[PDB]
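> Structure, please.
(12 chains, ligands or ions: 3)
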Amino acid sequence: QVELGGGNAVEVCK
Amino acid sequence: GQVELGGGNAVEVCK
Amino acid sequence: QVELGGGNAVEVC
Amino acid sequence: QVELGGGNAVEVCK
Amino acid sequence: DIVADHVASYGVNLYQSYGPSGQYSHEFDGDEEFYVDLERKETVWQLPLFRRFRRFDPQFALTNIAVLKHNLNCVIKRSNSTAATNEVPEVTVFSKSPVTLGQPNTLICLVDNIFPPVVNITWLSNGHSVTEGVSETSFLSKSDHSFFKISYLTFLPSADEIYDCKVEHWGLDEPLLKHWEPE
Amino acid sequence: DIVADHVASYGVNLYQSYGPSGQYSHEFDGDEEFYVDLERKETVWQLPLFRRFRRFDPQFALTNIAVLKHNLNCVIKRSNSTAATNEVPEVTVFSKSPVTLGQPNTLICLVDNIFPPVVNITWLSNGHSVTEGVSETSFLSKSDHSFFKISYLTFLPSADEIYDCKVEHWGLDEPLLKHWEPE
Amino acid sequence: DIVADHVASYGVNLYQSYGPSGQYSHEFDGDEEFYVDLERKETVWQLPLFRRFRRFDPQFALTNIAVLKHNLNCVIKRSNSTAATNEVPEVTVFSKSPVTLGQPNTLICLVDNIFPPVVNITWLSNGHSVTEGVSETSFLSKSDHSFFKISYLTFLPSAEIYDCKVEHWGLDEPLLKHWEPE
Amino acid sequence: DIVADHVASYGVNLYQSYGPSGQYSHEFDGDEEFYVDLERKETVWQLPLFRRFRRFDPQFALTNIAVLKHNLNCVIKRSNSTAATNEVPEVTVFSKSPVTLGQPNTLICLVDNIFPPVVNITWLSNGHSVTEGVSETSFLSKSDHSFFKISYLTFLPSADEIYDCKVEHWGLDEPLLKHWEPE
Amino acid sequence: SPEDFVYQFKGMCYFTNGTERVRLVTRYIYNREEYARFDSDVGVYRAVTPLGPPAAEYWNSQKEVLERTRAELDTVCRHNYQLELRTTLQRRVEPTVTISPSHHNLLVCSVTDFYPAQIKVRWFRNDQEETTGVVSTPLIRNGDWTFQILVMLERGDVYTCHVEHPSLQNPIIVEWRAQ
Amino acid sequence: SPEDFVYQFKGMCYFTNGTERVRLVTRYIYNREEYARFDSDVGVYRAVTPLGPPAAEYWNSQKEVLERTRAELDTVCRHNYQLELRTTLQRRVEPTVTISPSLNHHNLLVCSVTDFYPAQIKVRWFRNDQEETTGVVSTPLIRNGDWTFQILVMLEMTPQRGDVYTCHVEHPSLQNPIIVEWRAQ
Amino acid sequence: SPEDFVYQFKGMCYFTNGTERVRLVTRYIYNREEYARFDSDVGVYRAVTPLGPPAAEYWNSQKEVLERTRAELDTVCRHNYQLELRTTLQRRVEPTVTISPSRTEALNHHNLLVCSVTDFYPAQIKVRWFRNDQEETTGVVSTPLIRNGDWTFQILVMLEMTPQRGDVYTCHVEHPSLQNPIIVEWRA
Amino acid sequence: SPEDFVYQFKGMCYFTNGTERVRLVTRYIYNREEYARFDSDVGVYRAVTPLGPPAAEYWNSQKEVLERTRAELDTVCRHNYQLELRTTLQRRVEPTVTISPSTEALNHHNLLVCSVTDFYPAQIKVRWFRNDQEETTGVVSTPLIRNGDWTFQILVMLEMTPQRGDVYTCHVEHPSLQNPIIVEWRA
Ligand SMILES: *[C@@H]1O[C@H](CO)[C@@H](O)[C@H](O)[C@H]1NC(C)=O
Ligand SMILES: *[C@@H]1O[C@H](CO)[C@@H](O)[C@H](O)[C@H]1NC(C)=O
Ligand SMILES: *[C@@H]1O[C@H](CO)[C@@H](O)[C@H](O)[C@H]1NC(C)=O
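Numbers count the residues shown, from 1 in each chain, chains lettered A, B, ... in the order given. Ligands and ions are numbered 1, 2, ... in the order given. Sure, the structure comes next:
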């Protein structure tokens, strides 16, 4: 199957 | 040559 | 720190 | 590994 | 003369008799860092990056400008009242980004070779003067001890709008108009 | 600590300000599985076995790295622009196989404890710089959040040929040289 | 992180549960100035120049270590009895002076990345354990709050192979590092 | 014509009519890497380092050589039986190392501009034909599509013995002799 | 030395007893300071330094970011592990054994180029397993999915170095006698 | 036109190779004629025009006023450079590169490299894969005045066949040079 | 594997330009994670990990503890530095320089000369190689500064040379404990 | 003299700056006249002489024969170069230098021969030095001699007149040498 990775989370920033 | 000193330690609040 | 600069000199008047 | 080389092309003959 | 990787002007002090108008500004590599509003006692930084990491006491500007008024009254007496020579300013108008209809842009009007530092820079859109979306820089110093000023105008490029930069200076006989339009 | 039979890193994301350079790689038991070429939008696997039985969408790397550039501007803003602390890298040179004067081999230069991840790992053979037969790995992650890089050098052991590994890092004062020669 | 011309550690305090082990030492530019023998109430300076021109009250060390014993009993209650994580030590052996196969020298065994500060560093000469001419330093602090220890061995280089034997909980077997005259 | 750092010839295959005879060899920067003995079906490498760590299937040589014999009957028919022109070879004899009467050495006989690839290269020591210690290279190719061969003779330098290189070719009228003696 | 600002994210999976006991720990690292992490045992984002509360508490309020990450233990860790079982954990590389010295006693048995890491090397004088005098180096990672380990050992006698490895059906034995 | 009397003062710092080679020159200017200046390289106040001897020698007579000015090499020039090192000297603005023309008739392709900082930049034109050494009309570096720059590189060419012209831009704010393409027809 | 619980405290002083720019940072460390610290630049106790708020908020409430800690910048850092200025910062140990080849003396086979500059203090040192008074800027392999731990240092500067005839190689060592540079020669 | 018919084929690879600039040229040669050739820069089989159109146009009509030939840039040139990179291109043999006159007499003009005899690869520099003064005149050097056994050789001669204490030295530079080899010769 197609391998994938962990999704990163967005920070509050601006 | 005076009396040397160092880090005064702080005490934590425990029973 | 506080930026600054350019000290001006006073003339005899 | 196994080396390779110039494959010759055959001409139309006779 | 003095070659250097970076040239900063920490103390562009200016005082004249006409206003009597003055200006205190700092510059780094030809760009204005800030200017002190002498009437409001406020340091006005010219970049968001400067307002967050830099601080400058406005009192050092008012102290130094007050010495200029003192030092000025002597050199007028020493030079036997030699007045300033009005220089002819050179005006140039260009845009900040390539011009595309409908996409917002910004016009720039450069007024070079200014002396004395007294000038009116107003914008004109198809004749009438525009007042909104206009901001300008202070008097930027030059190596020959003259000045140049830059006025900005954020606008929306359209087929039926032609802009002008109107410069009024004593070195000129009539108000100088420089034209700009989306070719 | 976390005891486990196998430890995998499905998402070693890295983005820095200097380059601005980034890297997306996966690791299994400390070895690099692949790395995504961010400039070409190409997944470059680090093994012939991986290139035949695995597939990974390179678009997920550019999406994930773009979030790092976003997250970076906030922790620098929140930490009051706290820069990285330059660490001193540890260099070690050894061969891949037992050395037999005449039998082709490969030299290995391990540069441990790298931070920040900016380094030059170059080879030197008898003074002269080597340019052919040199390949290196990406930045492999460490448990203490540092990095290490490994550069390879295919060579032919000879009685009169001495090799060197030249490492350039900001944490070092001068370019560090590690020596290796067949006894 | 903190750039400075000189970095001093006036109060390297250490207290652990595994036995009544403690340590009070001062450090300057990475070198140990002294250490207080907590059992003997004695300040032991690490240089002949220090023993003659410097003075430090050893009682202040016992005061500070006694607070550590109290503060240790406090963080154990807050951390729900979280024990220490055994780190893998790195051992390195080198000589103090160039080897001349007859000129007295001193072997140095640096044991880096020590945690927790419980380790045995013993020497081996041709298999047999060496006991005389061996001295070691206290636990010198590191930036990552771990420790490293250095053991010394005054020896006579002869055509004799020496080993440094390190015993730590993070290791599975006693680690031996080799050194021999070129 | 073609400038390059390195020029390799992966397939110097040759087939001739007389009588018949062929050769398959690889070359790198003008030196012979190996040659396939078409009668023994064996790849004979020309360097000790090559014989131990490199591999080439000799069957691909016999497969390709059969194509030359096939293509030869095509150009012979199309060119209306145009025979080869015998070229005059250039002979030169020199030693591999400086000669010091008693120290083993090796004589080298270079035969340049050989065409067609049919020649007999024999040595002569005091008139008599030498049979021991004689080895030669294959037909090395030239840019002008001619060939050159090099014959070697390991000998013991003595004040006696005057050695000769005897070349027999169709382009020559009589066997050409090049003389060599220890000064 | 120009200043540099480093940001890292490492979604690490910990496998034990196969694909059964799986632990997911995503770590958000600024330079070298990890300020926020998600733990599968905890279930939510936890702050590690004061640089993290503003981000961990915001990520716990949103259900689309906390539910997508909690499910990542199954869609990333256990999903990729099924491909490791057919490629990585099946990789067998046979070790290359070589014995050579560096009145004393120092024999170096160089076991090079092998995968995986599980390996046992034993020294034998004639047929006496040497339980003392064995100086072994830690497992050296060459970086190309191969390993290397050097086991040292400190009158006619035949010393042999026995190497056992999953990539070997029969043990490799290399001998070396003093001339 | 009313008469005007202008007085200026410019405390200028010159930096080279970082904070190693620093030179301070304060300039006392009347109208446009600079009459007195202090130089850190010289060390004292110098008169430059006949309007200056009464002012340069008065400022050298005071020892605390000449000492306050000599110390400004450290309290003004080198003091502010540490503050430029965290704001100005780190400012990187990536240039927005755009290609657009101004058929067998000769025309002009304009590679507009706009809004970039700092000033160091190199722009090159490429026809297929041959660097254009002729026909490159470049404008001088334009100072927008808002801490951004812009430069317009034009190419005098003929759009024939099927050739792909590219504009390669190098700037410190770029890991890889920015390349924008333009194909004929 | 027996369990162990470690607690450490590090009262560190940072000196720059002498006692002009001095910074005090006390670190309260549990096992290996520092959980609470005081910073003289900040002025109060700061929590570093969630293990610290119950300790940082209690130490800031007491006013005798915040005044005692701020004064430690003067009673510990600047007080001891005046004592370091007459003992440690005046310690000068002259380096012992020695040149010797690694491989045995070869007629012309390549060899590498090791210039061992051993036992010196402080750490600032510069070593340069010279072949017939020509400074060798290439082929010099230098090791990092080795900290012996007994208030001495050592550094080994190697040169990849080829032994010809005449060849007089010298190792030039400069150190603050030396008024003139120490030079050791080596002839083929 | 019997008649002979020769046919040749030369699959030559041209490398520049490593494997970055690689060019493949296969040459079909009849006797000494190359009649058809393939060029990777051209992309198809080209006829060079009137003996080639009947063969070049036939080999371009078949798509499997030109596609197999175009692909040989990767399976023959670039494939073998990875094996040359660890064997041939790593071969370094340092030269053995020998000085001897061509007849030894003082104040009588002679010729000193600096014999550089066993070195590989071909890059080499030889310089003569009389009393550490480089002799830029009177140096008669022979072209690079190819021994044929993967070794080279070059003979550099010097025209001089032997004196009392004149010391001539021969400086040899080679990629297999970190430092130049110097051999002296005293009268
Ligand atoms: C500029 O404007 C002022 C009033 O705002 C006016 O008095 C002055 O004449 C103007 N300048 C010129 C050159 O006309
Ligand atoms: C070494 O790396 C630096 C950046 O850290 C770079 O500027 C320099 O060009 C590199 N040197 C070489 C020889 O590649
Ligand atoms: C600290 O620096 C200042 C200026 O750099 C200097 O005047 C002073 O002598 C230095 N040392 C001190 C204050 O102890």
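> residue contacts, whichever residue of chain A sits closest to chain G?
Here the residue of chain A nearest chain G is residue A:11; by Cβ to the nearest Cβ that distance is 22.5 Å. Using the backbone N, CA and C atoms, a C-beta is placed for each residue, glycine as well. Applying Cβ atoms under 8 Å, 6 or more residues apart in numbering or on different chains to residue A:11 gives the contacts F:70-71, F:74-75, I:55.
> Now secondary structure and distance to chain E too, for those residues, in CSV please.
Output for these, formatted as CSV (DSSP: H, G, I helix; E, B strand; the rest coil; distance: Cβ to the nearest Cβ, whole Å):
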residue, secondary structure, distance to chain E
F:70, helix, 18
F:71, helix, 19
F:74, helix, 13
F:75, helix, 15
I:55, helix, 20
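> Keep only those of these that are also close to chain A.
Among the contacts of residue A:11, the ones lying near chain A by Cβ under 8 Å from any Cβ of the partner chain are F:70-71, F:74-75, I:55.
> and whichever residue of chain A sits closest to ligand 2, how many neighbours?
Taking Cβ to the nearest ligand atom, ligand 2 has its nearest neighbour within chain A at residue A:8, 27.1 Å off. Residue A:8 has 22 neighbouring residues, counting by other Cβ atoms under 10 Å in any protein chain shown.
> any idea which helix or strand carries residue 11?
Unless you meant another one, I'm taking chain A. When elements are assigned from DSSP states H and E, residue A:11 belongs to no helix and no strand.
> actually chain I
Following DSSP H and E, one finds residue I:11 within strand I:6-16.
> Who are the packing partners of the next helix or strand along the chain from that strand?
For strand I:6-16, the following helix or strand on the C-terminal side (DSSP H and E) is strand I:21-30. Applying 3 or more Cβ pairs under 8 Å, 6 or more residues apart in numbering or on different chains; DSSP states H and E, one finds that strand I:21-30 contacts strand I:6-16, strand I:33-39.
> Nearest to chain D, out of the ones you listed?
Nearest of the helices and strands packed on strand I:21-30 (Cβ to the nearest Cβ): strand I:6-16, 35.5 Å.
> Could you save the ones next to chain A among the contacts of residue A:11 as JSON lines and add columns showing neighbour count and distance to residue I:171?
Formatted as JSON lines, these follow (neighbours: other Cβ atoms under 10 Å in any protein chain shown; distance: Cβ to Cβ, whole Å):
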{"residue": "F:70", "neighbour count": "16", "distance to residue I:171": "55"}
{"residue": "F:71", "neighbour count": "24", "distance to residue I:171": "52"}
{"residue": "F:74", "neighbour count": "18", "distance to residue I:171": "57"}
{"residue": "F:75", "neighbour count": "24", "distance to residue I:171": "53"}
{"residue": "I:55", "neighbour count": "23", "distance to residue I:171": "54"}
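> rewinding a little: state the distance from the residue of chain A closest to chain G to residue I:52.
10 Å (Cβ to Cβ, to the nearest Å).
> Number of residues surrounding residue I:123?
As a burial measure, residue I:123 scores 21 neighbours (other Cβ under 10 Å).
> right, I mislabeled it, should have said residue E:6
Under the criterion other Cβ under 10 Å, the count of neighbours that residue E:6 has is 17.
> so what's it bridging to?
residue J:15 (DSSP bridges).
> Test my guess that it contacts residue J:17.
No: the criterion here is Cβ atoms under 8 Å, and residue E:6 misses it with residue J:17 at 10.3 Å.
> Enumerate every residue touching whatever residue of chain A ends up closest to chain C.
Closest to chain C within chain A is residue A:14: 25.7 Å, counting by Cβ to the nearest Cβ. Residues near residue A:14 by Cβ under 8 Å, 6+ apart: residue F:74.
> if I look at the residue of chain I most remote from its centre, how far off is residue I:177?
For chain I, the residue at maximal distance from the C-alpha centroid (Cα atoms, centre = their mean) is residue I:155, at 41.1 Å. Distance, residue I:155 to residue I:177, using Cβ to Cβ: 11 Å.
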